[PDB]
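Topology and contacts: notes
Here is what each chain is made of, one letter per residue.
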Amino acid sequence: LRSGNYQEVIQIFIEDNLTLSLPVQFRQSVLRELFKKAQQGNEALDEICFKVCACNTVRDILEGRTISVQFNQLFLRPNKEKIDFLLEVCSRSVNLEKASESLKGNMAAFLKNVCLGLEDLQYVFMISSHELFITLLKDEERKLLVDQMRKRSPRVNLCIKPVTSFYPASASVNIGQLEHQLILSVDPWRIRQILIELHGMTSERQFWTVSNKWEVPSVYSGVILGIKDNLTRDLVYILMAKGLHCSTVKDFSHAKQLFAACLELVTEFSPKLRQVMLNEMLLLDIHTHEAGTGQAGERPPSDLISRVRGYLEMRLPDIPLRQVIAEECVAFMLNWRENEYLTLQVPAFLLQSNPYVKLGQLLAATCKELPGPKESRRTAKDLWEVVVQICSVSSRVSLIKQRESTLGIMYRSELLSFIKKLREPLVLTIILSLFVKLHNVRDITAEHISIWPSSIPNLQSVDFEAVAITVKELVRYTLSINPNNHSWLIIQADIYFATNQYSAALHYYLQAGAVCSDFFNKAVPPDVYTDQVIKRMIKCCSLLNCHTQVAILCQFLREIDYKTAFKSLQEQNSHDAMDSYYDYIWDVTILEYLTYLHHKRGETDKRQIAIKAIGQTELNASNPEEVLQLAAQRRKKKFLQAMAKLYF
Amino acid sequence: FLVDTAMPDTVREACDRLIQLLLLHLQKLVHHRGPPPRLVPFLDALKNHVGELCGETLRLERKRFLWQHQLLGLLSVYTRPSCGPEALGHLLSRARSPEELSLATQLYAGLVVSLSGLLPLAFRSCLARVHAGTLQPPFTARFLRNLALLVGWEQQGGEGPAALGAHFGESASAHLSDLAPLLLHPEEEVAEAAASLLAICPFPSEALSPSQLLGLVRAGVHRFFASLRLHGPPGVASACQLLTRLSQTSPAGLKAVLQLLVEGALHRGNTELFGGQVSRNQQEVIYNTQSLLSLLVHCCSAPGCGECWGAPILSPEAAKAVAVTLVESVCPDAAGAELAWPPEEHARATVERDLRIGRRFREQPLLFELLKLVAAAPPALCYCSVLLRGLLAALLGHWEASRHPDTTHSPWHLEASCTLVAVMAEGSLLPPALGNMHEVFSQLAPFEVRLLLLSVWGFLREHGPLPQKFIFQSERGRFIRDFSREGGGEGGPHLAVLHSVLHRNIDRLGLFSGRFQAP
């Protein structure tokens with residue numbers, strides 16, 4: 001070790017594994033010092049560290065002792081070299097036919113357990129093929145290990161071709177069989193061939209109607225049924241229908257193939273069909289990008305953005321247009337923080353023509369001006385009137401029941417659907433803040449609220465029922481899009497506290513704390529367990545009769561609400577395990593009140609429990625201001641985790 | 001009758017031709033004129049027997065599966081209620097072979113070309129049956145394992161899943177919160193089938209909710225514990241994978257997985273698997289310990305060749321979490337939670353707490369193992385300084401009260417001192433010169449080892465197990481405690497006592513002088 005000849009030292013350990021003359025603590029110490037040397041520099045010492053560790057582990061197994069942590073660390077990335085060196089140390093130190101049954105059984109069980117810890121199955125063969133492994137255990141459990149480990153990751157094969165009993169005796173059999181293949185078909189070229197032969201066999205029968213599950217929008221039905229050629233019309237209809245159906249079932253590649261085939265087909269004889277199909281291809285590319293290419297926060301390939309910009313500035317009246325394509329384009333712009341274009345580069349006529357573009361421009365303007373104290377208001381206002389006019393009723397009448405007679409540029413259902421297409425967090429939270437500001441005019445805490453006006457015009461015309469529907473839907477959707485969003489959990493908990501769903505309110509306050517803290521591992525930041533939030537979970541506990549929880553939650557505040565804590569502790573109709581939760585009370589005054597409360601009621605056992613709870617050196621009020629704070633925060637954490645278990 | 005009578009051979013071929021014509025005519029009637037949809041009374045009575053039809057199709061007889069599977073597809077396309085997901089769910093809950101399962105994929109392919117969202121509805125139908133008295137737990141475990149088969153078959157995606165477009169893993173990804181109660185399901189078939197599914201079923205692409213994550217981790221650790229009590233080391237794989245994947249969702253998921261595992265393991269239940277006091281075989285304890293240490297190191301190691309002999313670095317944050325949960329479980333009062341070490345005169349002030357820590361260590365040998373795991377990350381052992389000082393004080397008191405002329409009459413205390421010194425030196429809280437001291441513990445009378453442990457206490461007073469003394473070496477990514485830079489970190493005055501002990505017992509400690517040299 002002084003001279004650095006570590007290989008012969010590893011050989012000494014291998015040989016001593018036979019004799020056990022070297023001390024085990026000596027082996028541990030040299031292993032530690034070798035690892036310390038490897039941690040500083042001399043990267044070649046990592047191999048020596050594994051070698052001495054493997055020898056130590058094999059000896060420990062022979063002496064019937066546990067497997068070291070470094071042994072599993074070194075097999076976190078199993079290698080042929082590592083595992084073979086371990087196996088040869090295993091074989092060279094076992095001393096077969098003279099090791100007795102103890103060494104053999106221990107060492108064979110170690111071989112099993114090192115087989116178990118391998119992520120790669122071929123590693124588990126090349127141990128199971130090791131001679132010591134085959135000699136050590138038995139002649140019957142090896143196949144058991146191999147088969148029980150094979151079904152760990154068994155290979156699954158599933159026929160994807162739907163069965164077909166295509167037994168061609170009559171023409172009806174053939175026509176139905178080819179219809180079955182076409183409907184089971186997913187590739188555009190096979191569809192084209194099937195339709196060509198179907199037209200060849202028949203005289204004048206169309207073939208776009210051999211399946212009612214194929215669907216085409218009505219805005220395109222007039223322009224798609226006007227094709228003079230029967231076969232071309234049939235093929236275009238089938239390609240559109242199956243492309244849309246594949247888009248519904250998230251079969252992106254097949255839909256793209258069908259769409260490319262129809263697109264290259266329709267260029268020869270129709271410009272209107274070509275333009276409609278370019279719009280469809282743009283929509284498919286947007287959806288495919290957002291589904292597969294997105295899902296992790298990566299920018300568009302900048303060519304989809306150019307196509308979206310061209311489609312927004314298209315302005316062609318002859319082409320049939322789908323409002324869903326424009327809505328998806330606006331959502332695509334809003335999700336990838338393309339605020340500059342929607343704010344400045346958007347054409348003027350598009351705002352007055354498409355309400356979706358106007359709403360997107362307003363949202364981009366109100367999101368890009370957030371750092372501005374007064375500049376933000378100039379657009380947050382206009383957004384406020386446009387949204388409140390959307391959620392208003394002109395002239396018993398209900399916005400949800402009618403879905404008309406609204407003063408806004410969009411229906412409430414259309415507004416909700418458009419918001420549902422947005423994933424960008426800033427836009428989503430701005431919409432949440434706007435609708436929450438609409439919720440409390442005629443509470444709940446949600447971020448950027450002072451940027452919207454308070455006084456509103458035509459308060460009576462505002463159907464607040466539709467507004468409340470929209471806000472509950474939006475909070476649940478946002479909690480779905482980011483389950484680990486603490487502020488949204490606070491919003492939902494405030495809602496449930498307002499709706500007297502005090503259990504669900506407590507539960508969502510706890511989710512918010514588990515997000516801010518790490519399941520209440522840390523002190524939950526006071527900006528989220530505010531005095532409001534903590535007092536509302538207090539009130540939820542009170543109204544669920546979780547009164548001792550009220551007491552523990554009363555001290556969670558900046559000032560311990562001794563009034564509400566003592567009021568709740570006085571309650572005897574409790575569903576919160578009064579005596580089991582006094583440990584969570586770090587406050588001496590609350591526990592003293594508990595002592596007097598239990599003494600006056602004759603509860604000798606509870607009085608003794610509370611007295612012992614006070615009689616703690618850590619809870620002494622004379623502690624030097626650090627023991628008490630640590631005890632208070634640890635009781636906060638453990639009480640919040642008990643609430644987590646009792647509520648989620 | 002017609003199917004059974006399609007297999008007088010003139011009547012048999014008349015019936016085969018009849019069934020071919022009937023399948024093709026039903027294909028015409030089910031879905032045509034795409035104007036109310038066509039009504040098939042034949043299939044209108046078959047929606048009442050779609051489950052029985054699936055059962056006869058899963059029989060997979062020469063031609064019966066072809067004919068009856070085509071008929072199930074036509075029933076699914078025909079029935080406006082779309083029994084296609086119902087058929088798929090009954091297949092999944094009653095298919096017994098990968099070809100019986102292949103019937104489901106063929107049905108979906110024959111239906112995905114005409115229907116949408118079939119698998120999610122099949123899954124929810126099966127699970128609604130499951131959590132009720134329906135789909136009796138054999139059927140439940142069948143559906144669980146068949147959905148696991150589907151999820152994996154998509155996950156090993158080839159032409160099958162791609163042309164199918166099933167999204168089996170993604171479709172099951174939204175049903176995580178139903179399989180977790182099935183982890184708590186009393187039927188171990190159901191429990192472990194849900195364990196397998198959740199282990200491989202991808203988590204929500206957005207995130208895992210504090211409720212979702214907490215319940216999933218609770219059920220995963222519950223599966224781990226029940227299967228470790230029941231099945232042993234080889235039987236925790238699905239719960240372990242589910243828990244580790246839950247750990248990789250977020251640092252909150254990691255710490256939740258580890259803390260639930262710790263609380264359940266240090267619980268009075270699940271403790272006989274691990275040498276905990278209140279006769280058990282030692283081999284099974286050793287290899288259960290290896291099992292959860294493997295799970296712990298898998299969760300703790302930073303994911304992601306760094307040489308063929310190197311090992312992944314354990315995250316100091318995960319080992320710090322292990323240290324803090326260790327401290328909470330063993331020494332909860334933490335009246336002396338400060339990491340630096342107080343004067344040895346304070347030991348008599350906290351005799352009860354330190355004796356409680358020593359008794360907890362004696363009852364549970366697994367505590368030392370977690371100490372070594374924490375010491376694997378250099379900065380993490382600083383947070384164990386309370387437990388280290390308590391164990392050191394308990395050992396010091398025992399050696400004060402040890403009247404034996406040697407130390408072999410107190411095996412537990414001797415090994416506890418040796419292992420405590422080894423843990424402290426491994427975490428680089430002691431210099432190597434003062435860390436080789438545990439080897440000569442066995443050849444010393446109690447007062448020499450007491451003075452030696454007092455020297456350890458003195459060194460940890462002068463230096464202190466503080467994370468800020470650990471400089472993060474970015475070249476290798478591991479924190480390094482440089483005792484040379486600390487000043488007197490090689491035990492300047494602390495090695496004097498050790499050398500005096502060596503000199504006094506030189507007749508027995510002569511050959512060990514090489515472990516305490518200055519370099």
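Residues numbered from 1 in each chain as written, not as in the entry; some residues may be left out. Chains lettered and ligands numbered in written order. Part of a larger assembly, values for the part shown. Heavy atoms only, no water. Residues with missing side-chain atoms left out of burial classes, pairs and counts.

1. What about the overall build of chain B?
- Within chain B, the secondary structure is distributed over 26 helices and two strands.
- Each of the three principal axes of chain B carries a C-alpha extent, and together these read 110 × 50 × 40 Å. (Helix = DSSP H or I, 4+ residues; strand = E, 2+ residues; numbered from the N terminus.)

2. Points about the overall build of chain A
- In terms of helices and strands, chain A carries 33 helices and zero strands.
- In terms of overall size, chain A is more extended than a compact globule, its C-alpha atoms giving a radius of gyration of 36 Å where 648 residues would be expected to give roughly 26 Å.
- With the C-alpha coordinates aligned to their principal axes, the bounding extent of chain A is approximately 95 × 80 × 50 Å. (Rg over C-alpha atoms; globule rule 2.2 N^0.38 Å.)

3. Some remarks on the interface of chain A and chain B
- Contacts between chain A and chain B engage 98 residues on the former and 101 residues on the latter.
- Taken together, the residues that form the side of chain A that touches chain B break down as 40 nonpolar, 34 polar and 24 charged. (Contact = heavy atoms within 4.5 Å. Nonpolar A, V, L, I, M, F, W, Y, C, P; charged D, E, K, R; others polar.)

4. Looking at the packing of helix α11 (residues 176–183) of chain B against helix α12 (residues 188–200) of chain B
Residue and element names in this part refer to chain B.
- In the contact formed by α11 and α12, the axes pass within 7 Å of each other and the chain directions differ by 145 degrees. Between α11 and α12 lies a crossing of left-handed hand. Contacts from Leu176, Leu179, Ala180, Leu182 and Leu183 in α11 reach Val190, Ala191, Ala194, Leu197 and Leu198 in α12.
- For the contact of α11 with α12, the per-class residue count stands at 10 nonpolar, no polar and no charged. (Axes fitted to C-alpha atoms, helices over the stretch in contact; angles between N-to-C directions. Left-handed = near helix turned anticlockwise from the far one by under 90°.)

5. Some thoughts on the pattern of salt bridges
- Per the counting criterion, the structure on display carries 31 salt bridges over all chains.
- Salt-bridge contacts for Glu473 of chain A lead to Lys420 of chain A; the nearest nitrogen and oxygen are separated by 2.9 Å.
- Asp44 of chain B is the partner of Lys47 of chain B in a salt bridge, and the nearest nitrogen-oxygen pair spans 2.6 Å.
- A relative accessible area of 32% means that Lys47 of chain B is categorised as partly exposed.
- A relative accessible area of 23% means that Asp44 of chain B is categorised as partly exposed.
- Here the salt bridges do not stand alone but share partners, grouping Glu33 and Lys37 of chain A together with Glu439 and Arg515 of chain B into one network. (Salt bridge = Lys/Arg side-chain N within 4 Å of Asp/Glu carboxyl O. Buried < 20%, exposed > 50% of the residue type's maximum accessible area, 1.4 Å probe, protein only.)

6. Re the UniProt feature "transmembrane region" in chain B
All names here are of chain B.
- Under the local residue numbering, the UniProt record ascribes the feature "transmembrane region" to residues 103–123, 366–386 and 440–460.
- Taken end to end, residues 366–386 comprises 62% helix and 0% strand; its first and last C-alpha atoms sit 18 Å apart.
- With 71% helix and 0% strand, the stretch residues 440–460 has end C-alpha atoms that lie 20 Å from each other. (UniProt positions renumbered as here; feature names shortened; annotations may be inferred.)

7. Observations regarding the packing of aromatic side chains
- Under the criterion given, the structure shown has 24 aromatic pairs over all chains.
- Judged by centre distance (5.5 Å) and plane angle (65 degrees), the ring pair of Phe224 of chain B and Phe225 of chain B falls under edge-to-face.
- A relative accessible area of 9% places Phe225 of chain B in the buried class.
- Following the ring pairs from residue to residue traces out a cluster consisting of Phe50, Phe71, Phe75, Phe85 and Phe110 of chain A together with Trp309 of chain B.
- The ring centre of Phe85 of chain A lies 4.7 Å from the NZ or CZ of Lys51 of chain A, which sits over that ring.
- Of note, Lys600 of chain A hangs over the ring of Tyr593 of chain A, and the distance from its end group to the ring centre comes to 5.8 Å. (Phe/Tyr/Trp six-rings, centres within 6.5 Å; stacked < 30°, edge-to-face > 60°. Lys NZ or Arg CZ within 6 Å of the ring centre and 35° of its normal.)

8. Brief notes about the side chain of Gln492 of chain A
Residue and element names in this part refer to chain A.
- With respect to the helices and strands, the residue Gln492 is situated in helix α26 (residues 486–498).
- Its relative accessible area of 0% is what places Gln492 among the buried residues.
- Setting aside chain neighbours within four positions, we find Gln492 in contact with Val475, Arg476, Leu479 and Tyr508.

9. Digging into the packing of helix α17 (residues 323–335) of chain A against helix α20 (residues 355–368) of chain A
All names here are of chain A.
- Close contact between α17 and α20 brings their axes to 9 Å; oriented N to C, the two are set at 10 degrees. Here α20 runs roughly parallel to α17, going by the angle between their axes. Touching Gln323, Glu327, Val330 and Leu334 of α17 are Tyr356, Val357, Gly360, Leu363 and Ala364, all from α20.
- Of the residues in the contact of α17 with α20, the class split is six nonpolar, two polar and one charged. (Parallel < 35°, antiparallel > 145°, perpendicular 65-115°, else oblique.)

10. Looking at the pairing of strand β1 (residues 470–473) of chain B
Residues and elements named next belong to chain B.
- Here four bridges tie β1 to strand β2 (residues 478–481), and the two strands are oriented antiparallel to one another. If you follow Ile471 over to β2, its bridge partner there is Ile480.
- In this structure, the hairpin formed by β1 and β2 is closed by a connection of four residues, where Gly477 is found at a positive phi of approximately 85 degrees. (Pairing = 2+ DSSP bridges.)

11. Overview of the environment of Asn482 of chain A
- Considering the arrangement of structural elements, one finds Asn482 of chain A in the loop between α25 (464–481) and α26.
- Residue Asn482 of chain A is classed as partly exposed on the basis of its relative accessible area of 25%.
- Residues within four places of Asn482 of chain A in sequence aside, it is in contact with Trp488 of chain A together with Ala207 of chain B.

12. Comments concerning the side chain of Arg515 of chain B
- Within the element layout of this structure, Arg515 of chain B appears in the segment after α26 (506–509).
- Beyond its immediate chain neighbours, meaning those up to four positions away, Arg515 of chain B contacts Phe26, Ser29 and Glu33 of chain A together with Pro432, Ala433, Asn436 and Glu439 of chain B.

13. Re unusual backbone geometry
- The backbone of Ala577 of chain A sits at a positive phi, close to 60 degrees, despite the residue not being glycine.
- For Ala577 of chain A, the location among the structural elements is in the loop between α30 (562–570) and α31 (588–600).
- Even without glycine at this site, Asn270 of chain B takes up a positive phi of about 65 degrees.
- Locating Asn270 of chain B in the fold gives a position in the loop between α15 (251–266) and α16 (282–300).

14. Focus: the state of the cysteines
- With the rule as written, the count across this model stands at zero disulfides over all chains.
- Looking at the unpaired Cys329 of chain A, the closest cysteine sulfur is the one in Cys367 of chain A, lying at 19 Å.
- Free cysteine: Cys418 of chain B, not disulfide-bonded; nearest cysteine sulfur from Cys384 of chain B at 19 Å. (Disulfide = S-S within 2.5 Å.)

15. Re the environment of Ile495 of chain A
Residues and elements named next belong to chain A.
- Along the chain, the position of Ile495 falls in helix α26.
- Taking the relative accessible area as the measure of exposure, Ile495 reaches 5% and is therefore buried.
- Put simply, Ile495 and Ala505 are 10 residues apart on the chain and 7.0 Å apart in space, counted from C-alpha to C-alpha.
- The residues contacting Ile495, other than those within four sequence positions of it, are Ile444, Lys472 and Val475.

16. A few points about the environment of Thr135 of chain A
Residues and elements named next belong to chain A.
- Among the secondary structure elements, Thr135 is positioned in helix α8 (residues 131–136).
- With 31 residues separating them along the chain, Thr135 and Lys104 place their C-alpha atoms 9.2 Å apart.
- Residues contacting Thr135, with those up to four places away along its chain left out, are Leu96 and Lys104.

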